[PDB]
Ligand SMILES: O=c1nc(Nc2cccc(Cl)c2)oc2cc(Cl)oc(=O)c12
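One chain comes next, on its own, written as structure tokens: the form solved without this ligand.
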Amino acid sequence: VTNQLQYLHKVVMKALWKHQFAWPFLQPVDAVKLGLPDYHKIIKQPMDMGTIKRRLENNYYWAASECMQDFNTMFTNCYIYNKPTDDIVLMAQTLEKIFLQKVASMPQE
């Protein structure tokens, strides 16, 4: 635990988890369900908010920047994999703006 990881858990994750556009990101991408047989060929480090949440709950992270990189990977995966016109891209962008706004007020340490 750091004060920063606390803030990521209580402020950042809280605000994104309950957001109306969060639902595609709450669990790992299931490439079979979604009919995306090339997903895991393109995206080599899958990430999702449930995994990040579990990691915060279980004190997996050593530093805030580690959890921040996982959020980033999650969004980046979406931008890389999806078509520019896919609605999921706009959902991701919306959530990432919240993430950045909240991170701008995270404490030092």
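Quick note: we count residues from 1 along the sequence shown, nothing fancier.
Omitted here: the form deposited with this ligand bound. The next part is about that form.
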Does any part of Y61 reach within 4.5 Å of this ligand in the entry with it bound? Heavy atoms only, please. no
Taking the shortest heavy atom distance, is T51 within 4.5 Å of this ligand in the entry with it bound? no
Considering non-hydrogen atoms and a 4.5 Å limit, does this ligand approach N82 in the entry with it bound? yes
Taking the shortest heavy atom distance, is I42 within 4.5 Å of this ligand in the entry with it bound? no
Using a 4.5 Å heavy atom cutoff, which residues in 27 to 48 contact this ligand in the entry with it bound? It's fine if the answer is none. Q27, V29, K33, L34, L36, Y39
